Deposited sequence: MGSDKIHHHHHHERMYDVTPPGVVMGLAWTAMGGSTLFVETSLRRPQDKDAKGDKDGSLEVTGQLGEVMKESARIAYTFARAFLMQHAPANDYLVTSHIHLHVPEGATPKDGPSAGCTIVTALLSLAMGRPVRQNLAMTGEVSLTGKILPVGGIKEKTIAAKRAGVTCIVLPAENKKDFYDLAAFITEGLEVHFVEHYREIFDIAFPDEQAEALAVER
């Protein structure tokens, strides 16, 4: 089972691993009040806290180019949480997940359902390779993930898995956050008609 079968805005599924295997986790974000700020909870280590700062800065910049009239990330007091509360978590691979959670919250739009992602985020939005792709992918498949987004340089790790694991997985290998944004929010890049 999963902690969220259906993600509302501000909630994105990420992927973690330990020496004991892989798991899914959800990044949760929310307002704490009507210059902004980010408060972060979830027993995060120092690499993960820094990846939340990087993601926060990039998301502010990304959404000032995609939606300059939208100030929600610049002015709001945001809270970011990664359950479960007692479990320690660390590492950079949730960067894109955090970016997506913040944009999802600021746009008031949920991300594509049954989607998980992992990837380190650069300050300019480059997606850097991560560890545990095999364990994270198995965990996604067990959790009902149908769409998985991974750093492009982790492609060989993904295809080291047996076919019966990756069959049925729609996989996207990405290098810049813009590619994730268009998978996560397909209606922001979809064919439209005027009336």
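Student: Counting from residue 1 of the deposited sequence, where are the gaps with no C-alpha coordinates?
Tutor: No C-alpha coordinates exist for 1 to 12, 47 to 55, 217 to 218.
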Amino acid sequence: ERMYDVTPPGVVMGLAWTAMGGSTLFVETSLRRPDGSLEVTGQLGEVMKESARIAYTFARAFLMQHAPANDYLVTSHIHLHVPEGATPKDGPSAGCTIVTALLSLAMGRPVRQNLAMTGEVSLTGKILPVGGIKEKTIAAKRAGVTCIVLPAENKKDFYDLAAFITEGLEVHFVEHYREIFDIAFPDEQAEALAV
From here on, numbers count along this sequence of modelled residues.
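Student: Would you say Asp35 goes unmodelled in a third or more of the other compared entries?
Tutor: Comparison shows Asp35 dropped in at least a third of the other entries.
Student: Can you tell me whether 70 to 78 has a higher mean C-alpha B factor than 96 to 104 in this record, or the other way round?
Tutor: Result: 70 to 78.
Student: Mean CA temperature factor from the deposited coordinates, higher in 184 to 192 or in 2 to 10?
Tutor: 184 to 192 has the higher mean C-alpha B-factor.
Student: For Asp160, does the deposited CA B-factor place it in the lowest, middle or highest third of the chain?
Tutor: Tercile = highest for this residue's CA B-factor.
Student: C-alpha B factor of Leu169, ranked within the chain: lowest, middle or highest third?
Tutor: Highest third of the chain for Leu169's C-alpha B-factor.
Student: Should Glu135 be placed in the lowest, middle or highest third of its chain by the C-alpha B factor in the entry?
Tutor: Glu135: CA B-factor falls in the middle third of its chain.
Student: Report the third (lowest, middle or highest) to which the CA temperature factor of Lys49 belongs, ranking only the modelled residues of the same chain.
Tutor: Ranked within chain, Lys49 CA B lands in the lowest tercile.
Student: Could you look up the Cα B-factor of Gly36 in the entry and say which third of the chain it sits in: lowest, middle or highest?
Tutor: Highest third, going by the recorded CA B-factors of the chain.
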